[PDB]
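Chains as they are written, first to last, in the authors' numbering: chain b, 686 to 708; chain a, 622 to 641; chain c, 882 to 936, 943 to 956; chain C, 29 to 55; chain A, 29 to 55; chain B, 29 to 55.
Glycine included, every Cβ here is placed at the ideal spot set by N, Cα and C.
The block underneath contains the structure these notes are about, expressed in structure tokens.
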Amino acid sequence: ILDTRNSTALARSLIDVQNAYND
Amino acid sequence: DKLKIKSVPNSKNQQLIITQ
Amino acid sequence: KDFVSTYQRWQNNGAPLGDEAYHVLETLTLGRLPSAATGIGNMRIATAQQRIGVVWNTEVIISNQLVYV
Amino acid sequence: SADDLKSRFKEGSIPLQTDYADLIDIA
Amino acid sequence: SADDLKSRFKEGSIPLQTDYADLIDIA
Amino acid sequence: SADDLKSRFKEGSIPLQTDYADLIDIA
């Protein structure tokens, strides 16, 4: 259970972590 | 090992789930 | 004033641990966790020649802590 | 709405062009 | 104009004090 | 007032989320 309301870094790099999971 | 991304309604903040 | 705003926001957020918490932490000057970014709290406004320099040069942007999109 | 609007402009954030778009829209 | 102001705030651009002055002048 | 907001957005000044708050509530 993670939320980006408590940090902008996930808000900015959610696409990047999605791709990291993809590969 | 499995994660999904789900958006809460009535707002735009982003909720990230993870299990292991 | 800024302290009051960020404190109220952190509190109705549920008092979580994050940038909302870390800014208050640094405000009470007893700890810090600098993130690899540059938020609203500190943004110098660049000159026109700075605009001509960047137009898209990211290195000057990160050099002078300017407005980023 | 307004509350969501200045939610984006919290400390430590980088507002996107969309936020500016609604800012022009309201004014 | 409004669409002009949207144009000055596209992704990759960096605004100047004139943009903010125009914004506050829209009141 | 408006010109105070202008001078707070004047080149070289560091904006704060409070200034954006007045910008929003003006509209």
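Taking C-beta pairs closer than 9 Å, name the residues in chain c that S35(A) reaches, listed in chain order. On the fifth sequence, position 7 is the one that residue 35(A) refers to. The premise fails here: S35(A) is roughly 13 Å from chain c at the closest Cβ pair, so nothing lies under 9 Å.
Distance cut-off 7 Å: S29(C) Cβ against heavy atoms of the ligand COA: Only the bare structure without any ligand can be found here, which leaves the ligand COA out of the picture.
Please classify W891(c) as buried or exposed, where buried requires at least 16 neighbouring CB atoms within 10 angstroms. Counting from 1 along the third sequence, the entry for residue 891(c) is found at position 10. So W891(c) ends up on the buried side.
Where do the N-terminal and C-terminal ends of the beta strand (DSSP E) with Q892(c) fall, by residue? Taking the first residue of the third sequence as position 1, residue 892(c) is located at position 11. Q892(c) -> not in any beta strand (DSSP E); alpha helix (DSSP H) instead, spanning 883-893.
Quick one: what does DSSP say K623(a) is sitting in, helix, strand or coil? Counting from one through the second sequence, the residue named residue 623(a) turns up at place 2. Strand at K623(a).
Do the CB positions of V936(c) and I948(c) come within less than 8 Å of each other? One-based indexing of the third sequence puts residue 936(c) at position 55. One-based indexing of the third sequence puts residue 948(c) at position 61. Their beta carbons are not under 8 Å apart, which means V936(c) does not touch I948(c) by this criterion.
For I54(A), would you say it is in contact with chain C, using Cβ-to-Cβ distances shorter than 8 Å as the test? As a position in the fifth sequence, residue 54(A) is number 26, starting the count at 1. Judged by the 8 Å Cβ criterion, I54(A) is in contact with chain C.
Skipping 5 residues on each side, what residues in its chain have a beta carbon closer than 7 Å to that of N894(c)? The count along the third sequence starts at 1 and reaches residue 894(c) at position 13. Contacts found: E901.
Examine chain C for any beta-carbon lying closer than 8 Å to the beta-carbon of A49(B), and answer yes or no. The residue labelled residue 49(B) in the question sits at position 21 within the sixth sequence. It does; some Cβ of chain C falls within 8 Å.
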